[PDB]
Structure formats: C-alpha cells, structure tokens
Amino acid sequence: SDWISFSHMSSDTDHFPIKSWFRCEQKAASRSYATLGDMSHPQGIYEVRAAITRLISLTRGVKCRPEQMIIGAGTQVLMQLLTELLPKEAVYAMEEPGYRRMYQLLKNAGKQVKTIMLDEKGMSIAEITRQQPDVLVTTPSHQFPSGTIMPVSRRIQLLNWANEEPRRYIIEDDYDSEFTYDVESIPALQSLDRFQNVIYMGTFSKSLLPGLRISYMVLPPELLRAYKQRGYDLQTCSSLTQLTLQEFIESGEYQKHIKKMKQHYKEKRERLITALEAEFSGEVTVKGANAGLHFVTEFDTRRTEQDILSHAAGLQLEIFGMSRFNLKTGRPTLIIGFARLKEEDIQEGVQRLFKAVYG
Amino acid sequence: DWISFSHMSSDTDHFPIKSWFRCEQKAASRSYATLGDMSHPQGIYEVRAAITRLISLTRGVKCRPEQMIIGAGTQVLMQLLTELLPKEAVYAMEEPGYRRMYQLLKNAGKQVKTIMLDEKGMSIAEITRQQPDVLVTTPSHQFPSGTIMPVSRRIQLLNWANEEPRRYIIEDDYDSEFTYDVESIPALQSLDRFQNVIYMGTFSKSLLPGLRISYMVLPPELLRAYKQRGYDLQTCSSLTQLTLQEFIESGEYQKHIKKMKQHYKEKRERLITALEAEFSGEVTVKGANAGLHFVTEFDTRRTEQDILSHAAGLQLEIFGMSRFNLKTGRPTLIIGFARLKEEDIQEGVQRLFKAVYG
Ligand SMILES: Cc1ncc(COP(=O)(O)O)c(/C=N/[C@@H](CCC(=O)O)COc2ccccc2)c1O
Ligand SMILES: Cc1ncc(COP(=O)(O)O)c(/C=N/[C@@H](CCC(=O)O)COc2ccccc2)c1O
Numbered sequence: 107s108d109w110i111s112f113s114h115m116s117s118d119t120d121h122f123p124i125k126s127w128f129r130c131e132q133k134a135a136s137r138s139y140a141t142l143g144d145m146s147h148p149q150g151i152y153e154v155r156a157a158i159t160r161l162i163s164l165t166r167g168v169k170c171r172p173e174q175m176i177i178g179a180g181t182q183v184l185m186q187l188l189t190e191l192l193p194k195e196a197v198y199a200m201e202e203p204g205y206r207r208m209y210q211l212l213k214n215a216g217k218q219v220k221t222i223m224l225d226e227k228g229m230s231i232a233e234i235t236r237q238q239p240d241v242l243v244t245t246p247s248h249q250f251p252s253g254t255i256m257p258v259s260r261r262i263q264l265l266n267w268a269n270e271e272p273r274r275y276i277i278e279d280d281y282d283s284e285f286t287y288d289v290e291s292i293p294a295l296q297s298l299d300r301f302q303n304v305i306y307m308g309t310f311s312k313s314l315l316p317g318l319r320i321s322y323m324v325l326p327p328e329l330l331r332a333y334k335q336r337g338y339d340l341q342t343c344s345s346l347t348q349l350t351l352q353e354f355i356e357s358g359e360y361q362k363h364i365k366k367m368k369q370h371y372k373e374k375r376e377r378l379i380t381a382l383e384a385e386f387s388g389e390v391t392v393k394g395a396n397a398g399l400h401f402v403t404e405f406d407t408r409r410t411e412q413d414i415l416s417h418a419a420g421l422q423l424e425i426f427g428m429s430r431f432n433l434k440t441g442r443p444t445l446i447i448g449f450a451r452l453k454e455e456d457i458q459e460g461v462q463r464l465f466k467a468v469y470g
Numbered sequence: 108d109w110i111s112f113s114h115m116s117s118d119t120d121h122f123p124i125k126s127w128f129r130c131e132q133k134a135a136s137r138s139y140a141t142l143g144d145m146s147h148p149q150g151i152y153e154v155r156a157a158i159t160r161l162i163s164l165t166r167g168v169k170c171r172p173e174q175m176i177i178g179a180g181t182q183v184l185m186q187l188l189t190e191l192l193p194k195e196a197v198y199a200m201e202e203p204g205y206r207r208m209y210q211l212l213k214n215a216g217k218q219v220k221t222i223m224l225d226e227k228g229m230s231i232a233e234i235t236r237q238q239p240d241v242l243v244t245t246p247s248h249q250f251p252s253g254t255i256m257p258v259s260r261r262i263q264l265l266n267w268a269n270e271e272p273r274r275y276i277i278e279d280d281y282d283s284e285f286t287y288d289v290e291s292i293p294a295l296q297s298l299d300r301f302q303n304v305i306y307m308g309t310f311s312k313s314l315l316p317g318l319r320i321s322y323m324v325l326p327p328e329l330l331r332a333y334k335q336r337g338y339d340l341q342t343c344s345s346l347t348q349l350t351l352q353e354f355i356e357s358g359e360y361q362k363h364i365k366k367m368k369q370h371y372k373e374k375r376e377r378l379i380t381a382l383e384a385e386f387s388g389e390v391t392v393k394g395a396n397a398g399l400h401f402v403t404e405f406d407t408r409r410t411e412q413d414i415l416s417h418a419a420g421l422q423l424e425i426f427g428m429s430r431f432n433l434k440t441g442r443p444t445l446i447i448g449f450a451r452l453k454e455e456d457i458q459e460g461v462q463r464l465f466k467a468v469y470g
C-alpha cells in the first residue's frame with residue numbers, strides 16, 4: 107500500500123487551499139441562499155460567467171461577453187453540446203497524438219476525424235491544408251500529450267486557414283494553460299482571432315481539484331444563436347459550486363492559489379528533471395516541459411513500453427505510456448505527471464523508474 | 108412583490124442547509140485524500156452503494172451498485188442512454204409529457220411517438236398499436252397530468268416489453284418521494300422479469316434544484332455497452348457525491364423527507380381548501396395525490412393564454428398545460449406548491465380568481 111505516482115490523471119490534495127474554498131462557499135451560500143431554490147440559468151449563473159469572463163481575459167487575453175459563455179460539468183459535456191451546434195456532417199481534425207477521450211467521443215457521435223501529425227511548432231498546418239477538415243481541435247498552451255507549446259506564427263497560420271473559407275472553426279482547448287515556466291505566456295488563439303472562428307474551452311479541474319467538475323466554453327455569435335434556438339438545455343454544474351467558484355475568484359483566492367502553485371510546481375519540476383537526468387545518466391530525453399503539469403520522457407532501451415509499465419506496476423509506480431494518446440519504432444516514451452507526486456518521493460520515484468526501464 | 112405557483116421552484120426555507128454543510132465537512136475530512144483523483148466514471152462506489160440501498164427501501168428497486176450511473180441531472184444521463192440504445196430506436200413519450208426530453212430526442216434524430224393518457228396513465232392501447240422500441244413514462248406522478256399509474260398498467264407495460272425483444276422502458280421516477288392520502292406503489296423495475304427497465308431518479312426535487320445529482324440503473328446488456336465506451340468522465344463533483352453519501356448514511360436525508368412529507372401534506376390541503384373556497388366548483392383539481400404539483404381546470408370564456416397574461420400582470424407566476432404538449441373551451445393550469453409560502457396562499461388564490469375572469 108506504498109505507491110508513488112507519476113500519473114498525469116491526478117492532483118495534489120495537500121496543496122489545494124481547501125479551508126479557503128469552504129470559507130468562500132459559506133460567504134457565497136449566505137449572500138445567495140435565496141436563489142438556490144430556483145434552477146440556474148442554462149448557460150450558468152450570469153455573475154459566475156462574468157467572474158470567469160474577467161479572469162480569462164486577464165490571464166489569457168480572451169475577448170468575450172459573458173452572454174457567449176456556457177458552463178460546464180466538464181469538457182466532454184460542452185464538447186458533446188458543441189458537436190450538436192456545429193454542422194452535423196462537419197469534418198473534425200485532432201492532434202496526433204491527442205486527447206484520445208475526445209477522439210473517442212467524436213467517433214462515438216460517428217463524426218469523421220482526421221488526425222494531424224505534429225512538428226516542432228505543434229499541430230501541422232501543411233497536414234491541415236492537405237487533409238482539408240472543417241474543425242480543428244488543438245492544445246496550444248501545452249500540446250496534450252507531446253508537450254510542445256504552439257508559437258504565435260503557427261497560431262496565425264491556423265487562423266488564416268480558418269478564414270480562407272467559411273464554416274471552418276477552431277476549438278482551442280486551453281487545458282493546462284495556468285502555468286508556464288521558463289517562457290512567458292503566449293496569448294490565446296482566441297485573442298489573435300479577428301473573425302470569431304475560435305471556440306475557447308477551459309477547465310478549473312487542473313487548477314483546483316479534478317473532483318470539482320467545472321469547465322466553460324466561449325461561443326462565437328453564430329454558434330451561440332444555434333445554442334439559443336434549442337431552448338431545452340439545463341445547466342450541469344451545482345449552483346453552489348458555481349457560486350463558490352465565483353467567490354473564490356473575486357476574493358482573490360484563486361489568483362493567489364495560482365501564484366503559489368506556479369512556484370510550487372516550478373520547483374518540483376526542476377527537482378524532478380534534475381533527479382531524472384542524474385539517475386538516468388543521459389539515457390533519457392525530456393520533452394515538452396516548459397508548461398503544464400506533465401512532460402514526456404523518451405528512454406534509450408530495448409524493452410517494450412508495455413513491459414516497462416508492467417515492471418513499474420511491479421515496483422508500485424503508477425505511470426502511463428505515450429501509446430495511450432495514439433488516435434490512429441523502438442524508443443518507448445512515458446508521460447510523467449508531477450502534480451500529485453510529493454517531493455520526498457522524487458529520488459525514490461526516479462529510482463523505481465530506472466529499475467522499471469532495465470531490471 | 109411576486110407570489111410563485113411555478114412547478115420549476117422549491118423550498119430554500121425548508122431545506123436543512125446547515126446540516127447539508129455539516130455532512131459535507133464530515134465527508135470532506137473522512138475522504139480528503141481521495142479528491143486528488145478523478146471519480147470512478149459511473150460515480151464513486153461508496154456513493155452508488157448508498158443510493159442503491161436507499162432506492163430499495165424507498166421504492167423497492169432491486170439492483171447492484173455496479174449497474175448505476177451517477178450524472179449531473181437527467182438530461183446528461185438521457186443523452187448517454189440514447190448512445191447506448193441501438194441508434195435507429197423509436198421512442199415513445201407521454202402526451203402531455205416532459206417536453207425538454209421530447210426536444211432532446213427530436214434534436215438528436217430520434218423518431219418519437221406521442222402517447223395519450225387515460226384514467227390510468229400511458230394508454231398501452233396506443234403503445235401496442237404504434238409499435239415503438241423504447242417507452243418513457245412517469246408512474247408515480249405523471250408529468251404533467253399527475254395521474255398515478257397503478258399496478259395493473261405497470262404490468263401491462265412490462266408484458267408489452269417482455270413479449271418481444273429489444274423493447275425498453277425508461278422509468279422516470281421524477282417526483283416520487285411524496286404520496287399523501289394514498290399508497291406508494293412498487294416501481295416497474297422491481298416487477299421486471301427480463302431486465303427491460305432503465306430506472307432513472309434524481310435528488311433535485313428532494314434536495315435543492317441547484318444540486319444536480321441524478322442517477323440511472325442499467326440492465327447488464329446496456330452496462331456492457333457503457334463499459335465498451337471507456338471514455339466517459341463523471342459529471343458530479345466528487346465533494347457533492349460524498350456530501351450526498353453522508354446525507355443518506357447519517358439519517359439526515361430520511362429525516363428531511365419526513366419533515367417535508369408532513370410540511371407538504373398540510374400545505375397542499377391549505378391550498379386546495381382556499382381554491383375550492385375562492386372558486387367553488389368553478390375549479391376542478393386533478394392529479395393531487397402524489398408529487399409537488401397538481402392541475403386545475405377552470406370553466407371560463409378566457410383561453411389559457413389570456414389567463415396567464417392577466418395573472419402575470421398581477422405579479423403571480425404561473426405555467427399552463429399547453430407548455431407540455433409535444434404536438440377545448442376549458443383551460444388547464446399547472447400548480448406547483450413547493451416554493452409558495454403559507455402567508456401567500458390566500459392572496460395567490462385570490463390573484464388567480466381575478467386573472468381567470470377579470
Ligand atoms: C487535453 C485535455 N483537455 C481537456 C481536459 C478537460 O478535463 P475536464 O474539463 O475536467 O473534463 C482533459 C482531462 N484529462 C484527464 C485525463 C485524460 C486522459 O489521459 O485520459 C485528466 O484531468 C485531470 C488530471 C489531473 C487533475 C485534474 C484533472 C485533457 O486531458
Ligand atoms: C419528467 C421529469 N423527469 C426528470 C426531471 C429531473 O431533471 P433533473 O433534476 O435535472 O435530474 C424533471 C425536472 N424538471 C424540471 C423542468 C420542468 C419543466 O420543463 O417545466 C423541474 O425540475 C425541478 C423543479 C424544482 C426543483 C427541482 C427540479 C422532469 O420534469
């Protein structure tokens with residue numbers, strides 16, 4: 107019962123300011139108790155969309171009114187709605203490797219999904235023009251999983267591509283954008299756009315706890331119109347949660363958590379990358395480590411990825427391989448999530464991995 | 108100021124918010140370590156078990172935790188459901204019915220047949236003739252009509268489902284918690300032989316509408332279909348699921364439902380009393396045995412839509428029965449009584465008289 111986690115699917119419980127979250131919950135519950143008897147506006151409580159709208163416009167340069175926002179019980183519930191609002195026969199394009207869960211969702215709605223390989227600047231604009239889709243889904247802040255940060259040149263190329271023809275859209279999945287380490291934040295695709303072909307998506311999962319389940323998208327007027335024409339939708343976030351968040355942002359706590367955690371995860375990432383280069387001696391390559399809460403390790407070895415996982419499992423080390431992110440070569444890679452990982456476990460973790468890779 | 112007869116509204120005053128927060132803090136510490144991990148996709152095991160125990164006591168639903176899927180309101184579970192059912196399915200809903208679910212189904216491509224009501228719920232005459240694959244029904248308190256489907260028809264429906272393959276029943280037990288001067292009745296799922304019921308429930312009505320915690324129990328066949336996906340993520344907040352586990356397991360839920368059972372019984376009376384006193388036999392009350400609303404038909408020249416605009420003119424929030432048509441010289445209105453304060457009964461009852469007539 108003594109595991110260590112390099113899992114990317116997990117967060118620190120110890121570092122979340124939970125006592126502050128509950129304080130904001132009470133402050134917020136008292137001020138609006140009245141209102142929790144009525145069901146929330148389908149898009150989300152106005153003031154909550156307002157609170158989120160200021161923040162992302164501050165932290166990422168997103169241009170939007172709160173009327174354009176939809177909240178939010180996780181991305182898949184917004185992405186599902188979004189497919190229902192984009193044209194039924196529209197052809198989707200995802201990164202390769204990609205957020206496989208979203209691929210599976212798109213396939214499960216029987217949508218055609220082309221897959222775009224990546225280059226040094228991220229999702230390839232050559233492959234996009236070659237494969238001629240209608241809807242890109244891209245992770246510019248920290249490509250998931252490869253880690254690549256999309257430079258501004260490529261952001262523009264994608265944007266030019268989207269207004270060459272009508273009925274083309276970009277879904278900017280800004281997952282894991284809150285932290286960026288030895289570079290400055292690049293502002294969002296959505297900020298650079300002048301023609302409103304971007305659907306900006308975000309989540310508080312990464313910056314709070316995975317267990318909270320509050321995410322949001324910003325819809326361009328055309329698609330917002332489409333949303334409003336359905337009439338039947340019902341909000342998926344608990345109103346108390348929506349309000350707790352509101353209060354957690356406005357009070358300044360969220361902004362304070364972000365600054366404290368930015369520092370904490372920068373130090374843990376240094377510690378960990380230093381540790382890895384040490385007990386792997388250069389047999390390792392470390393990729394995509396300037397943002398997010400994971401990076402890639404590529405190892406020099408015979409052993410099949412699948413066996414390293416079995417061995418790692420054997421040594422009580424939770425860990426995942428890159429093959430997981432294939433939508434559709441003897442250098443196996445792993446994903447190293449440094450969110451839950453305690454600093455006492457670093458050394459021991461970097462040992463267990465060296466034994467898992469060799470034995 | 109306003110007086111609400113909205114069926115879309117609820118307690119606040121009569122919901123133990125400090126207890127809720129107490130169960131939360133208790134659950135929060137007992138399980139703090141586990142909030143760094145995402146929930147099991149079907150919902151936290153301990154929380155499904157808690158709900159699985161409760162629904163067997165309160166409704167006679169017999170099932171394993173493993174078959175339950177927790178989600179953020181019925182809509183999201185309903186969406187999931189359609190993706191698990193065959194894909195070309197033909198659906199069938201009560202007419203009048205839950206229009207939002209109608210619109211979700213049309214919108215999703217589905218052929219959806221409407222099905223008239225008789226004195227004992229969803230016709231079955233209609234069902235057998237019109238030959239659909241999937242039924243959606245509301246046995247405990249029809250939405251909107253308020254008819255309590257009795258045992259005989261629950262049997263009829265099961266037998267319809269039982270006597271041919273690939274027929275399903277969606278048992279939408281919305282608004283079950285309360286039955287006043289009558290017996291509560293076993294659910295279709297509990298009377299089921301071959302597992303062709305999908306029992307769906309929700310905590311929206313018994314807690315606050317705000318909360319967003321609902322559940323559906325799947326047949327093995329469909330559960331194997333859910334597991335073949337393997338991408339879904341939970342939509343309920345882990346804290347909320349844990350707070351709900353604590354609310355049920357500590358007796359505070361059971362307590363709350365008893366508290367509200369009495370408080371809603373004596374406030375349903377004080378209302379009908381006042382209506383049949385401020386009208387006479389000019390008001391017919393229908394479907395007022397279960398749930399948290401009834402209907403009222405009014406003998407009057409004014410159409411439904413004039414009676415609303417005049418009642419809305421008097422700050423009296425109210426919704427009409429034509430809202431629930433999927434597709440008369442007697443108008444009929446829905447009378448939610450969950451929010452309604454007692455001091456406003458007599459005065460709302462009056463404001464409705466003047467908006468019926470002039
Ligand atoms: C690329 C990408 N984009 C968006 C999301 C959105 O998450 P949502 O809004 O919260 O529903 C995820 C979640 N991805 C999940 C793993 C995916 C996988 O590898 O199977 C992991 O999510 C979390 C991990 C740690 C802490 C908190 C959350 C995404 O990997
Ligand atoms: C038939 C039926 N089945 C299920 C549900 C439950 O939806 P869920 O709460 O998201 O799981 C409702 C809620 N229907 C809503 C809309 C009615 C309308 O369209 O006018 C009314 O819901 C609430 C009202 C007060 C307090 C709590 C809920 C349903 O009318």
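These protein sequences, in sequence, are chains C and B.
Those letters in the first sequence? Residues 107 to 434, 440 to 470, by the deposited numbering.
Those letters in the second sequence? Residues 108 to 434, 440 to 470, by the deposited numbering.
No residue lacks a Cβ here, since even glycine has one placed at the ideal position from N, Cα and C.
Would you report the Cα separation of residue i and residue j, rounded to the nearest angstrom?
i, j, result
"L188 (chain B)", "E173 (chain B)", "16 Å"
"residue 480 (chain B)", "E270 (chain B)", "Outside the displayed span of chain B (108 to 470) sits residue 480 (chain B), for which this structure offers no information."
"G180 (chain C)", "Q341 (chain C)", "12 Å"
"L346 (chain C)", "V219 (chain C)", "37 Å"
"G441 (chain B)", "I305 (chain B)", "39 Å"
"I446 (chain C)", "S252 (chain C)", "9 Å"
"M115 (chain C)", "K434 (chain B)", "47 Å"
"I425 (chain C)", "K466 (chain C)", "13 Å"
"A268 (chain B)", "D456 (chain C)", "57 Å"
"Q458 (chain C)", "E278 (chain B)", "55 Å"
"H147 (chain C)", "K362 (chain C)", "29 Å"
"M307 (chain C)", "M323 (chain C)", "4 Å"
"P293 (chain C)", "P246 (chain C)", "10 Å"
On the premise that residue j lies in contact with residue i, defined as a C-beta separation below 8 Å, what is that separation, rounded to the nearest angstrom?
i, j, result
"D282 (chain C)", "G427 (chain C)", "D282 (chain C) to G427 (chain C), Cβ: 19 Å. No contact."
"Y333 (chain C)", "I176 (chain C)", "7 Å"
"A199 (chain B)", "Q249 (chain B)", "Not a contact, Cβ separation roughly 14 Å."
"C130 (chain C)", "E404 (chain C)", "That belief does not hold up - the Cβ atoms of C130 (chain C) and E404 (chain C) are roughly 42 Å apart, past 8 Å."
"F112 (chain C)", "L314 (chain C)", "Going by Cβ atoms, the distance from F112 (chain C) to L314 (chain C) rounds to 21 Å, so no, they are not a contact pair."
"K365 (chain B)", "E454 (chain B)", "About 19 Å; that fails the 8 Å criterion."
"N303 (chain C)", "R274 (chain C)", "6 Å"
"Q348 (chain C)", "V183 (chain C)", "With 8 Å as the limit, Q348 (chain C) and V183 (chain C) do not qualify as a contact, their Cβ atoms being about 14 Å apart."
Any C-beta of chain B sitting closer than 8 Å to the C-beta of residue i?
i, result
"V183 (chain C)", "yes"
"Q422 (chain C)", "no"
"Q218 (chain C)", "no"
"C343 (chain C)", "yes"
"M115 (chain C)", "yes"
"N432 (chain C)", "no"
"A140 (chain C)", "yes"
"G204 (chain C)", "no"
Which residue or residues does DSSP assign as beta-bridge partners of residue i?
i, result
"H400 (chain C)", "C:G448"
"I255 (chain B)", "In the DSSP output, where bridge partners are listed per residue, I255 (chain B) has none listed."
"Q218 (chain B)", "B:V197"
"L224 (chain B)", "B:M229"
"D279 (chain B)", "B:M307"
"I177 (chain B)", "B:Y322"
Step through the CB atoms of chain C and report whether any lies within less than 8 Å of the CB of residue i.
i, result
"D118 (chain B)", "yes"
"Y371 (chain B)", "no"
"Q210 (chain B)", "yes"
query: Which residues, in order along the region 142-164 of chain B, keep a beta-carbon less than 9 Å from a beta-carbon of chain C?
result: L142, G143, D144, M145 and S146
- request: Closer than 8 Å, Cβ to Cβ, to anything on chain C: give me those residues from the region 388-400 of chain B, in chain order.
  value: none
query: What are the residues of the region 345-361 of chain B that lie near chain C, defined by any Cβ-Cβ distance shorter than 8 Å?
result: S345, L346 and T347
query: If you measure beta-carbon to beta-carbon, which residues of the region 323-338 of chain B are closer than 8 Å to chain C?
result: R336, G337 and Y338
task: Could you please tell me which residues of the region 306-317 of chain B, in chain order, have their CB closer than 9 Å to any CB of chain C?
output: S311, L315, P316 and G317
query: According to a CB-to-CB cut-off of less than 8 Å, which residues of the region 186-202 of chain C neighbour chain B?
result: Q186 and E190
- prompt: Got a sec: which bits of the region 262-275 of chain B sit with their beta carbon under 8 Å from any beta carbon on chain C, in order along the chain?
  reply: none
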